[PDB]
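Before any questions on binding or motion, here is one chain by itself as C-alpha cells, the form deposited in one PDB entry.
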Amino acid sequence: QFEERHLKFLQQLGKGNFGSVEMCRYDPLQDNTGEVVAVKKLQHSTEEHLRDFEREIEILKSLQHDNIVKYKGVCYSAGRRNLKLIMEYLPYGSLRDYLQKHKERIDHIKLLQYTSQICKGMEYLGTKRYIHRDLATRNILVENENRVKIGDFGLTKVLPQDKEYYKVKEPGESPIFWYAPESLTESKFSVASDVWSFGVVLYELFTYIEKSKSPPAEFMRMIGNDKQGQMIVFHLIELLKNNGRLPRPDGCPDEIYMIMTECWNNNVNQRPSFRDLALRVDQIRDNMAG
C-alpha cells in the first residue's frame, strides 16, 4: 500500500494497449531522495478490466523468484477510488532494448545465460499453474549485465484445477507471430504454448534484435508482404501446420537452433518442458565455460 501523495511521475515506460507503466519516485519525505518504482495503471478502466487487473496484481504478489520482477504493492489512488500496481524499477530496461544497444559486447555465452534464466522463471510459473501467454524479449527486463527477469504479467492466466489448457477468446489484437498453432486455431493456451513462444524468444536473442530479421518481418516475407487483415492469419496458420518455420539466424550455432525447432513442434505433447530446456541450456553453457 503506497501513498498517492508521495508518488511522483517521471517518464513513461510501456504504454497500452489496455495498460501503461510509468517510472515514478516514491518520495515521502518529499526531500527528492527517494526510491524509483515502476507504476502500472489501467488505460481505459472498466468493470472487466478492473477484475482482470486485480487478478494480475494477485498473480505478481504470489510470485517470489530471482527471475521475476518484484511486486512492491498497490496504490489506491484518487483517494481510494483508483487502483495502480507498484513493481520494482529496473534501470537497464527491456532485454530487447538492452541487446539492441550492446550487441557487440553480448556474446553467445551471455545470451544462453539470459535464455536459461527465462526458463527458470517460466518453471516457477508452471509451479503455480500460471500461463504467461505473452513471452517476448520486450517483456523481459535486465536487472544487471548478468541477470534478466520476466517483467510483465498482463495476459497471465491460472489453469483450472487439473486443466492442461485455458481456452481464452479475446477481441482485439494478439501477438500472432509469437503464438503456437493451437493458440491461433483454437484459442488454446498452455505451458506447451509458452514453450513455443519461448522458442521465438530464443530466436529473437540470436537475431540480436536486427529489424529485418524480426519474427513479423520473417513470417510476412514467407506469407507475402502485400497481404492484409485476415489473409495474414489464414496463411500463418497453413504455413505453421505444414512446418514452415523461422529461419536459423546468421551465426547462430546449430545446437541452439535445434532447441528453437523442438519448441516449435505442432505436437503440443512433444514439446520439451521448461525444466528440460533450463538443463540443456545450462549444460551447453557449462560445456563452453567450465
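Between two forms, the rigid core is the largest collection of C-alphas that superpose within 1.5 Å. One-based numbering along the sequence shown.
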query	finding
Third-or-more of other entries without residue 132	no
Gap at residue 107 across at least one third of the other PDB entries	no
Mean Cα B-factor comparison, 124 to 132 or 204 to 212, giving the higher one as deposited	204 to 212
88 to 96 set against 114 to 122, stretch whose average Cα temperature factor tops the other in the entry	88 to 96
Residue selected from 163, 188, 157, 149 by maximal Cα B factor	163
Maximum C-alpha temperature factor, selected from 46, 261, 62, 67	46
Chain third (lowest, middle, highest) by recorded CA B-factor, residue given as residue 277	lowest
Chain thirds of CA B-factor: placement of residue 51	middle
Assigned third (lowest, middle, highest) for the C-alpha B factor of residue 106	highest
Residue 172 by Cα B-factor - lowest, middle or highest third of the modelled chain	highest
Chain-wide C-alpha B factor ranking for residue 248, given as lowest, middle or highest third	middle
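The discussion below concerns the form deposited in another entry, not included here.
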| property | result |
| --- | --- |
| Of 244, 253, 34, 247, the one whose Cα moves 2 Å or more between the shown form and the other one after core superposition | 34 |
